[PDB]
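Reading through the structure tokens given below for one structure.
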Amino acid sequence: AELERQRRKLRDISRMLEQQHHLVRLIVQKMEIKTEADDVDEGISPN
Amino acid sequence: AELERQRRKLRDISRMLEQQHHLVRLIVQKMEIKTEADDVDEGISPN
Amino acid sequence: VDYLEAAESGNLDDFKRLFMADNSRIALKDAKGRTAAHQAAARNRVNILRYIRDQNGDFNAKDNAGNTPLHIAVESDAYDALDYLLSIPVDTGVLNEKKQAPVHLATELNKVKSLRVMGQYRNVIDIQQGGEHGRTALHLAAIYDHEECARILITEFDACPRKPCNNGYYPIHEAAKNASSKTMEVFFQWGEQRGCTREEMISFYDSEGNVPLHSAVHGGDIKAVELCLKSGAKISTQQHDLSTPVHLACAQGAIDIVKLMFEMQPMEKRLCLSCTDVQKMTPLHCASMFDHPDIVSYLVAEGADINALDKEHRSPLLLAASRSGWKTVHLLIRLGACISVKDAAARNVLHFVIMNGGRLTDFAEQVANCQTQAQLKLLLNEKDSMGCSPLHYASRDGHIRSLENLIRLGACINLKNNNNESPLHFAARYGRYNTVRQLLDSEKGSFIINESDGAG
Amino acid sequence: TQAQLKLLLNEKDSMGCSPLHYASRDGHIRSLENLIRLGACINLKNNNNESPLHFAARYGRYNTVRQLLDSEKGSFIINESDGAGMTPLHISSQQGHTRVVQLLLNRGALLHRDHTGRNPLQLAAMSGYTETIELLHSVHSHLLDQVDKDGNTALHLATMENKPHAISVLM
């Protein structure tokens with residue numbers, strides 16, 4: 001019955017951590033152009 | 001008996017990571033108004 | 001315990017009475033911290049060893065590393081005691097814990113005069129004796145660059161480097177890999193006077209076919225190369241991988257060595273420099289594969305074959321672009337690259353620029369300045385084997401920045417591959433959001449918003 | 001005391017490791033430059049005949065490798081064996097450090113066998129590192145199917161110790 005304790009790890013990393021990536025990309029928008037992130041596009045890789 | 005290794009993943013993401021969301025929201029408070037976060041309220045969504 | 005401090009200090013006729021008391025203490029040949037009576041010859045006790053020879057003591061010690069009585073003397077400075085020890089027919093072939101005969105200590109530790117003491121006897125010992133990995137006593141004079149210990153061995157003990165180790169290497173190979181520039185000099189000059197000549201050492205084969213000019217550029221020493229060229233080595237002798245020394249240099253970027261061997265042998269530049277090995281790579285391929293933009297200036301000036309094909313059918317321009325060397329593809333274009341070649345999957349150079357993240361604005365700026373641009377922008381619309389033009393490769397892999405440049409230079413938007421798919425069918429399929437958005441708001445965006453494919 | 005008391009820079013311990021071995025083994029990029037600046041010996045070998053570059057390639061220390069090579073005596077040590085016969089291209093690819101074997105190839109590390117007979121792709125296939133097999137095959141494509149002294153290919157060696165992810169790639 002531990003399967004409900006397999007979603008409590010992804011309840012937090014998909015609402016806080018996935019938002020946490022957006023907060024810091026909001027910061028570096030205002031100082032200097034990053035090269036790795038904002039030169040590829042969103043989506044799924046073919047390989 | 002692996003159920004005690006189902007709480008060691010949420011011992012860290014609820015004390016460091018949940019605090020980590022607060023540290024960066026403390027940073028962007030002092031530079032520029034973010035629009036997605038500080039226009040909704042705390043709590044649970046109905047859907 | 002009485003003869004321990006007696007044979008080391010007194011060593012004459014009262015130590016021998018104390019060793020007669022030490023044999024009366026327990027017995028002769030008793031153990032100690034080191035060994036049985038090994039401390040006599042360690043302090044050059046000739047008369048105490050003569051009394052040990054008078055009482056017929058042991059001549060084979062096992063001092064926790066099997067350092068025998070002859071090996072315990074040469075490890076210290078015991079130059080005179082060995083002259084009595086080698087007058088006695090003692091066994092001179094026991095190996096230590098590190099697999100060393102007493103000859104392999106006098107060269108590895110640069111004991112110069114201890115070899116000369118062994119040289120007056122010369123018939124009780126063996127010079128072709130297998131050491132560590134089967135390295136004979138002249139391998140270890142070639143590794144550590146002990147030129148004088150190699151000077152003694154070859155003219156007094158009468159040796160020649162014809163004894164390979166258990167891996168194939170000859171002593172001319174080990175001296176050339178380790179950049180022993182001084183030790184190589186005494187083989188080619190002072191080894192001539194025995195029967196192992198210059199033209200015969202220079203043609204030794206390794207376990208891979210390495211002539212010792214191949215092993216002169218594994219070591220990267222410019223002085224050890226020109227010793228092999230003065231002795232008459234050709235730069236055309238191929239390995240088991242069919243590589244010449246001009247392939248092995250130029251893959252290191254040794255600009256000083258590739259021009260040096262072209263000065264000493266100007267005849268071979270026709271026979272090499274068009275000398276495709278296994279994998280069919282001319283020496284110009286090997287210098288552009290590893291991004292060396294100063295050798296590929298030199299090799300074309302010496303009359304190279306700028307666009308010679310290979311296995312998998314790649315020009316040196318395509319080979320230097322698949323490795324993402326972008327300093328050496330700007331050089332080949334301004335030097336006569338013939339940009340029309342296509343490899344085995346019909347991918348031209350613009351396929352490799354986009355799929356390796358290369359910058360494309362300054363690439364097209366090179367072809368414009370090199371005046372090829374008159375009408376050589378038909379390779380923007382040039383399909384590969386699967387029909388994919390280079391605008392398909394941009395939309396399939398993200399690359400928002402280089403997508404704008406293909407549209408700005410006038411690539412065809414609605415160009416279809418063999419399954420009749422436009423690049424918008426690629427962009428929508430892999431979820432590329434910003435790729436879709438900047439295809440649609442260009443020209444011909446209203447024509448392609450609702451367009452079918454092979455399936456409908 | 002410095003008149004000549006900098007011979008303790010080249011002074012081996014019980015295991016033969018000079019203090020430049022201790023720098024490369026444990027990272028320490030900042031103190032690695034100071035030993036080289038003060039004139040420590042680069043190619044000094046311990047009791048297993050291993051230079052510090054053999055230590056740096058073995059533990060995946062990227063920036064340690066990069067600032068050993070572009071000093072003086074960096075062309076002498078890029079392809080140098082050890083007691084077993086392995087170059088630093090063998091050691092780095094055996095452990096599967098992909099960014100180090102990428103670095104050594106771009107600076108012209110040549111290819112030859114070790115004492116067993118194996119090339120750098122035999123060793124990366126003995127371990128299960130299927131990221132280093134695909135790198136080495138793209139650069140040097142001829143060394144997929146050559147044998148060692150026992151006649152084994154790269155497929156026998158990955159089968160003798162049960163790496164099923166490195167068999168589906170080698171086939």
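Labels for the structure tokens follow display order: chains A, B, ..., residues from 1 in each chain, ligands from 1.
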(message) Please list as a list in words every residue within 9 Å of range 26-29 of chain A, counting only C-alpha atoms and excluding residues in the same chain fewer than 2 positions away.
(response)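 Surrounding residues, per the criterion: residues 21, 22, 23, 24, 31, 32, 33 and 34 of chain A; 27, 28, 31 and 34 of chain B.
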Please write out chain B, superposed on chain A by least squares over all C-alpha atoms matched in order, as a tab-separated table (two decimals) with N, CA and C atoms, in the first residue's frame.
chain	number	residue	atom	x	y	z
B	1	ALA	N	0.83	-1.20	0.00
B	1	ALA	CA	0.00	0.00	0.00
B	1	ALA	C	0.86	1.26	0.00
B	2	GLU	N	2.15	1.09	-0.31
B	2	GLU	CA	3.10	2.19	-0.33
B	2	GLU	C	3.05	3.02	-1.61
B	3	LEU	N	2.09	2.74	-2.50
B	3	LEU	CA	2.04	3.43	-3.79
B	3	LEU	C	1.58	4.88	-3.63
B	4	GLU	N	0.82	5.18	-2.58
B	4	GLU	CA	0.48	6.56	-2.28
B	4	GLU	C	1.67	7.34	-1.73
B	5	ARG	N	2.70	6.65	-1.25
B	5	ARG	CA	3.97	7.29	-0.90
B	5	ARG	C	4.96	7.25	-2.05
B	6	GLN	N	4.49	6.95	-3.26
B	6	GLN	CA	5.25	7.15	-4.49
B	6	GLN	C	4.81	8.41	-5.23
B	7	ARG	N	3.73	9.06	-4.78
B	7	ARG	CA	3.29	10.32	-5.37
B	7	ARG	C	3.59	11.52	-4.48
B	8	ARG	N	3.93	11.30	-3.21
B	8	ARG	CA	4.30	12.40	-2.34
B	8	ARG	C	5.69	12.95	-2.66
B	9	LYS	N	6.51	12.19	-3.38
B	9	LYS	CA	7.78	12.72	-3.87
B	9	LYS	C	7.60	13.59	-5.11
B	10	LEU	N	6.58	13.31	-5.91
B	10	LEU	CA	6.32	14.08	-7.12
B	10	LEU	C	5.22	15.11	-6.95
B	11	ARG	N	4.61	15.18	-5.76
B	11	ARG	CA	3.70	16.28	-5.47
B	11	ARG	C	4.48	17.56	-5.19
B	12	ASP	N	5.70	17.44	-4.67
B	12	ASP	CA	6.48	18.61	-4.30
B	12	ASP	C	7.44	19.04	-5.40
B	13	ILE	N	8.06	18.08	-6.09
B	13	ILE	CA	9.05	18.43	-7.10
B	13	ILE	C	8.42	18.86	-8.41
B	14	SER	N	7.10	18.78	-8.54
B	14	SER	CA	6.41	19.25	-9.73
B	14	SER	C	5.61	20.52	-9.48
B	15	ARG	N	5.60	21.02	-8.25
B	15	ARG	CA	4.92	22.26	-7.92
B	15	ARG	C	5.85	23.30	-7.32
B	16	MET	N	6.84	22.88	-6.53
B	16	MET	CA	7.85	23.78	-6.01
B	16	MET	C	9.09	23.80	-6.90
B	17	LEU	N	9.67	22.62	-7.16
B	17	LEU	CA	10.91	22.52	-7.93
B	17	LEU	C	10.71	22.92	-9.39
B	18	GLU	N	9.59	22.54	-9.98
B	18	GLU	CA	9.33	22.92	-11.37
B	18	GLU	C	9.06	24.42	-11.47
B	19	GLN	N	8.49	25.01	-10.42
B	19	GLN	CA	8.40	26.46	-10.33
B	19	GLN	C	9.75	27.08	-9.99
B	20	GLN	N	10.59	26.35	-9.25
B	20	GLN	CA	11.90	26.86	-8.84
B	20	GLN	C	12.81	27.09	-10.04
B	21	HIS	N	12.65	26.28	-11.09
B	21	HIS	CA	13.39	26.51	-12.32
B	21	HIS	C	12.92	27.79	-13.02
B	22	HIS	N	11.66	28.18	-12.82
B	22	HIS	CA	11.14	29.38	-13.47
B	22	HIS	C	11.55	30.65	-12.75
B	23	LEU	N	11.68	30.59	-11.42
B	23	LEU	CA	12.07	31.77	-10.64
B	23	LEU	C	13.49	32.21	-10.96
B	24	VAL	N	14.41	31.26	-11.15
B	24	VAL	CA	15.80	31.62	-11.36
B	24	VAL	C	16.03	32.00	-12.82
B	25	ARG	N	15.28	31.41	-13.75
B	25	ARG	CA	15.29	31.90	-15.13
B	25	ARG	C	14.64	33.27	-15.26
B	26	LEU	N	13.83	33.68	-14.29
B	26	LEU	CA	13.35	35.05	-14.25
B	26	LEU	C	14.45	36.00	-13.77
B	27	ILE	N	15.36	35.51	-12.94
B	27	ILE	CA	16.43	36.35	-12.40
B	27	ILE	C	17.47	36.66	-13.48
B	28	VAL	N	18.00	35.61	-14.11
B	28	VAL	CA	19.06	35.76	-15.11
B	28	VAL	C	18.59	36.39	-16.41
B	29	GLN	N	17.27	36.54	-16.58
B	29	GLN	CA	16.75	37.33	-17.70
B	29	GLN	C	17.16	38.79	-17.60
B	30	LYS	N	17.34	39.30	-16.38
B	30	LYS	CA	17.53	40.72	-16.14
B	30	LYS	C	18.98	41.14	-16.03
B	31	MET	N	19.92	40.19	-16.05
B	31	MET	CA	21.34	40.52	-15.91
B	31	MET	C	22.15	40.21	-17.16
B	32	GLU	N	22.15	38.96	-17.62
B	32	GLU	CA	23.06	38.58	-18.69
B	32	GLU	C	22.51	37.35	-19.42
B	33	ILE	N	22.76	37.30	-20.73
B	33	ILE	CA	22.22	36.26	-21.60
B	33	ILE	C	22.92	34.94	-21.31
B	34	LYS	N	22.13	33.93	-20.93
B	34	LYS	CA	22.64	32.57	-20.83
B	34	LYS	C	22.53	31.88	-22.19
B	35	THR	N	23.49	31.01	-22.48
B	35	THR	CA	23.65	30.46	-23.82
B	35	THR	C	23.13	29.04	-23.97
B	36	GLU	N	23.27	28.20	-22.94
B	36	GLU	CA	22.83	26.81	-23.05
B	36	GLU	C	21.31	26.72	-23.11
B	37	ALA	N	20.62	27.45	-22.24
B	37	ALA	CA	19.18	27.27	-22.10
B	37	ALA	C	18.41	27.94	-23.24
B	38	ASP	N	18.59	29.24	-23.43
B	38	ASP	CA	17.78	29.99	-24.39
B	38	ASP	C	18.41	30.04	-25.78
B	39	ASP	N	18.81	28.87	-26.27
B	39	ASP	CA	19.14	28.65	-27.67
B	39	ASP	C	18.57	27.36	-28.21
B	40	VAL	N	18.04	26.49	-27.36
B	40	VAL	CA	17.25	25.36	-27.78
B	40	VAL	C	15.78	25.69	-27.51
B	41	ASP	N	14.89	24.86	-28.02
B	41	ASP	CA	13.46	25.11	-27.89
B	41	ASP	C	12.84	24.08	-26.95
B	42	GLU	N	11.61	24.36	-26.52
B	42	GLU	CA	10.89	23.45	-25.66
B	42	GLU	C	10.48	22.20	-26.42
B	43	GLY	N	10.27	21.12	-25.70
B	43	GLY	CA	9.71	19.93	-26.29
B	43	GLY	C	10.53	18.71	-25.93
B	44	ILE	N	10.30	17.65	-26.69
B	44	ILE	CA	10.88	16.34	-26.45
B	44	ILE	C	11.95	16.08	-27.50
B	45	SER	N	13.10	15.59	-27.06
B	45	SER	CA	14.17	15.25	-27.98
B	45	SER	C	13.80	14.00	-28.78
B	46	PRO	N	14.28	13.88	-30.03
B	46	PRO	CA	13.96	12.68	-30.80
B	46	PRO	C	14.71	11.44	-30.33
B	47	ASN	N	15.92	11.60	-29.81
B	47	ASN	CA	16.67	10.48	-29.26
B	47	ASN	C	16.58	10.47	-27.74
Sorted per-residue table, chain D near chain C, closest atoms and distance, 10 Å, only C-alpha atoms, as a Markdown table:
| residue | atom | partner | partner_atom | distance |
| --- | --- | --- | --- | --- |
| D:73 | CA | C:220 | CA | 9.4 |
| D:74 | CA | C:220 | CA | 9.4 |
| D:75 | CA | C:220 | CA | 5.9 |
| D:76 | CA | C:219 | CA | 5.5 |
| D:77 | CA | C:219 | CA | 7.9 |
| D:78 | CA | C:219 | CA | 8.8 |
| D:79 | CA | C:218 | CA | 6.9 |
| D:80 | CA | C:219 | CA | 8.1 |
| D:81 | CA | C:177 | CA | 10.0 |
| D:83 | CA | C:133 | CA | 9.6 |
| D:85 | CA | C:167 | CA | 9.5 |
| D:105 | CA | C:290 | CA | 7.9 |
| D:106 | CA | C:290 | CA | 5.6 |
| D:107 | CA | C:252 | CA | 6.3 |
| D:108 | CA | C:252 | CA | 4.3 |
| D:109 | CA | C:252 | CA | 7.3 |
| D:110 | CA | C:218 | CA | 7.3 |
| D:111 | CA | C:218 | CA | 9.5 |
| D:112 | CA | C:208 | CA | 8.0 |
| D:113 | CA | C:208 | CA | 8.4 |
| D:114 | CA | C:167 | CA | 8.8 |
| D:115 | CA | C:167 | CA | 6.3 |
| D:116 | CA | C:167 | CA | 8.8 |
| D:117 | CA | C:167 | CA | 9.2 |
| D:138 | CA | C:323 | CA | 9.6 |
| D:139 | CA | C:323 | CA | 8.6 |
| D:140 | CA | C:279 | CA | 8.4 |
| D:141 | CA | C:279 | CA | 7.6 |
| D:142 | CA | C:279 | CA | 6.8 |
| D:143 | CA | C:241 | CA | 9.9 |
Would you mind exporting the chosen residues as a compact mmCIF listing (two decimals), in the first residue's frame, restricted to N, CA, C and O atoms?
# COMPACT_ATOMS: atom_id res chain seq x y z
N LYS D 73 56.68 19.72 -20.73
CA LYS D 73 56.63 18.25 -20.64
C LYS D 73 55.19 17.74 -20.62
O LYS D 73 54.84 16.84 -19.87
N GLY D 74 54.35 18.34 -21.46
CA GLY D 74 53.00 17.86 -21.60
C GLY D 74 52.87 17.01 -22.84
O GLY D 74 51.99 16.15 -22.94
N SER D 75 53.74 17.26 -23.81
CA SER D 75 53.79 16.42 -24.99
C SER D 75 54.52 15.11 -24.73
O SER D 75 54.36 14.17 -25.50
N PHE D 76 55.30 15.04 -23.67
CA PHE D 76 56.02 13.82 -23.36
C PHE D 76 55.16 12.82 -22.61
O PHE D 76 55.42 11.62 -22.68
N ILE D 77 54.14 13.29 -21.90
CA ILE D 77 53.39 12.48 -20.97
C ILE D 77 51.98 12.20 -21.43
O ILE D 77 51.20 11.60 -20.68
N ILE D 78 51.60 12.64 -22.63
CA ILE D 78 50.23 12.44 -23.08
C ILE D 78 49.96 10.97 -23.37
O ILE D 78 48.85 10.48 -23.15
N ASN D 79 50.97 10.23 -23.81
CA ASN D 79 50.84 8.81 -24.09
C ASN D 79 52.05 8.08 -23.50
O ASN D 79 53.04 7.84 -24.19
N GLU D 80 51.94 7.72 -22.23
CA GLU D 80 53.02 7.09 -21.49
C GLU D 80 52.43 5.96 -20.67
O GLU D 80 51.39 6.13 -20.04
N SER D 81 53.09 4.81 -20.67
CA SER D 81 52.50 3.60 -20.12
C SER D 81 52.64 3.59 -18.60
O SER D 81 53.04 4.57 -17.97
N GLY D 83 52.87 0.25 -15.21
CA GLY D 83 53.29 -1.11 -14.98
C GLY D 83 52.48 -2.14 -15.75
O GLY D 83 53.03 -3.13 -16.22
N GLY D 85 50.98 -1.52 -18.60
CA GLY D 85 51.04 -1.21 -20.01
C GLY D 85 50.04 -0.16 -20.46
O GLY D 85 50.12 0.29 -21.60
N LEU D 105 41.63 12.80 -26.71
CA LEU D 105 41.60 12.59 -28.15
C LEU D 105 41.87 13.88 -28.90
O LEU D 105 42.60 13.88 -29.89
N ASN D 106 41.32 15.00 -28.42
CA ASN D 106 41.50 16.27 -29.11
C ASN D 106 42.92 16.80 -29.03
O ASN D 106 43.26 17.72 -29.78
N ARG D 107 43.75 16.25 -28.15
CA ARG D 107 45.14 16.66 -28.03
C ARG D 107 46.10 15.60 -28.56
O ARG D 107 47.28 15.62 -28.23
N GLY D 108 45.60 14.67 -29.36
CA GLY D 108 46.44 13.70 -30.02
C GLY D 108 47.04 12.64 -29.14
O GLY D 108 48.26 12.47 -29.11
N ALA D 109 46.21 11.92 -28.40
CA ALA D 109 46.67 10.74 -27.70
C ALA D 109 46.67 9.58 -28.68
O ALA D 109 45.61 9.23 -29.21
N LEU D 110 47.83 9.00 -28.93
CA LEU D 110 47.91 7.96 -29.92
C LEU D 110 47.39 6.65 -29.35
O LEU D 110 47.15 6.51 -28.16
N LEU D 111 47.22 5.68 -30.23
CA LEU D 111 46.60 4.41 -29.89
C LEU D 111 47.62 3.29 -30.03
O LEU D 111 48.26 3.16 -31.08
N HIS D 112 47.76 2.49 -28.98
CA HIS D 112 48.48 1.23 -29.07
C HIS D 112 47.98 0.31 -27.96
O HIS D 112 47.28 0.73 -27.05
N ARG D 113 48.34 -0.96 -28.08
CA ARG D 113 47.86 -1.97 -27.17
C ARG D 113 48.55 -1.85 -25.82
O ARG D 113 49.59 -1.21 -25.69
N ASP D 114 47.96 -2.47 -24.81
CA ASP D 114 48.67 -2.67 -23.56
C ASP D 114 49.35 -4.03 -23.57
O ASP D 114 49.52 -4.66 -24.62
N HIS D 115 49.78 -4.50 -22.40
CA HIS D 115 50.53 -5.74 -22.32
C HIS D 115 49.64 -6.96 -22.49
O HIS D 115 50.14 -8.02 -22.87
N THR D 116 48.34 -6.84 -22.23
CA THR D 116 47.43 -7.94 -22.49
C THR D 116 47.11 -8.06 -23.97
O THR D 116 46.95 -9.17 -24.48
N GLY D 117 47.05 -6.93 -24.67
CA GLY D 117 46.72 -6.90 -26.08
C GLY D 117 45.53 -6.04 -26.40
O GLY D 117 45.14 -5.98 -27.58
N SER D 138 33.11 6.44 -33.06
CA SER D 138 32.86 7.50 -34.03
C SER D 138 34.16 8.13 -34.48
O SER D 138 34.26 8.56 -35.64
N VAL D 139 35.15 8.21 -33.60
CA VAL D 139 36.43 8.77 -33.99
C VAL D 139 37.26 7.75 -34.74
O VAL D 139 37.56 7.91 -35.92
N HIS D 140 37.62 6.66 -34.07
CA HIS D 140 38.39 5.58 -34.68
C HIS D 140 37.45 4.41 -34.89
O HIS D 140 37.08 3.72 -33.94
N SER D 141 37.06 4.18 -36.13
CA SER D 141 36.09 3.13 -36.41
C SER D 141 36.73 1.78 -36.66
O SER D 141 36.01 0.78 -36.71
N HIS D 142 38.05 1.72 -36.81
CA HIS D 142 38.69 0.45 -37.14
C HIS D 142 38.90 -0.44 -35.94
O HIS D 142 39.05 -1.65 -36.11
N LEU D 143 38.92 0.11 -34.73
CA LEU D 143 39.26 -0.66 -33.55
C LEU D 143 38.06 -1.31 -32.89
O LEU D 143 38.13 -1.64 -31.71
(request) From the DSSP assignment of the backbone, select every residue of chain A that is alpha helix (DSSP H), and format the answer as a count of residues only. (result) 11
Would you mind listing what lies within 9 Å of residue 9 in chain C as a compact mmCIF listing (two decimals) with C-alpha atoms, in the first residue's frame, with only C-alpha atoms counted and same-chain residues fewer than 5 positions away left out?
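Final output, around16.txt:
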# COMPACT_ATOMS: atom_id res chain seq x y z
CA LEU C 4 76.83 -8.94 13.67
CA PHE C 15 85.65 -11.13 14.39
CA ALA C 40 79.80 -8.67 6.07
CA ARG C 43 80.53 -3.18 4.93
CA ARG C 45 84.54 -7.14 4.88
Could you name the residues that touch residue 394 in chain C at 7 Å or less, counting only C-alpha atoms, but leaving out those on the same chain fewer than 4 positions away, as a compact mmCIF listing (two decimals) with N, CA and C atoms, in the first residue's frame?
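Saved file out_5.txt follows:
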# COMPACT_ATOMS: atom_id res chain seq x y z
N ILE C 354 24.41 22.65 -38.78
CA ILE C 354 23.20 22.82 -37.99
C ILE C 354 23.09 21.74 -36.92
N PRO C 390 18.37 20.91 -45.11
CA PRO C 390 18.88 21.38 -43.81
C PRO C 390 17.92 22.20 -42.99
N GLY C 398 15.13 21.62 -32.48
CA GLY C 398 15.05 22.89 -31.76
C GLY C 398 15.70 24.02 -32.56
N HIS C 399 16.85 24.50 -32.10
CA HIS C 399 17.75 25.44 -32.78
C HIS C 399 17.01 26.67 -33.31
N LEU C 403 17.38 28.72 -37.02
CA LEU C 403 16.21 28.60 -37.88
C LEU C 403 15.92 29.92 -38.57
(request) State, in Å with one decimal place, the distance from CA of residue 137 in chain C to CA of residue 103 in chain C. (result)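 According to the coordinates, CA of residue 137 in chain C and CA of residue 103 in chain C are separated by 6.7 Å.
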(request) Compile the contact shell of range 38-54 of chain D as number ranges by chain: residues with an atom at most 7 Å away, counting only C-alpha atoms, same-chain residues fewer than 2 positions apart removed. (result) D: 9-10, 15-17, 20-21, 24, 34-36, 56-58, 65, 82-83, 88
(message) As an exercise, work out the distance from CA of residue 242 in chain C to CA of residue 89 in chain D in Å and give it to one decimal place.
(response)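 Distance reported for this atom pair: 21.3 Å.
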(request) To one decimal in Å, tell me the separation between CA of residue 105 in chain C and CA of residue 140 in chain C. (result) 9.5 Å
(message) Using only C-alpha atoms, which protein or nucleic acid residues come within 12 Å of residue 373 in chain C? Drop anything in the same chain fewer than 6 positions from it, and give the result as a ChimeraX atom specification.
(response) /C:333,339,363-367,379-380,409
(request) Within 12 Å of residue 246 in chain C, counting only C-alpha atoms, which residues show up once you throw out same-chain ones fewer than 5 positions away? Write them as a VMD selection string, please. (result) chain C and resid 213 to 214 216 to 217 234 to 239 251 to 262 268 to 269 271 to 277 281 to 287 295 299
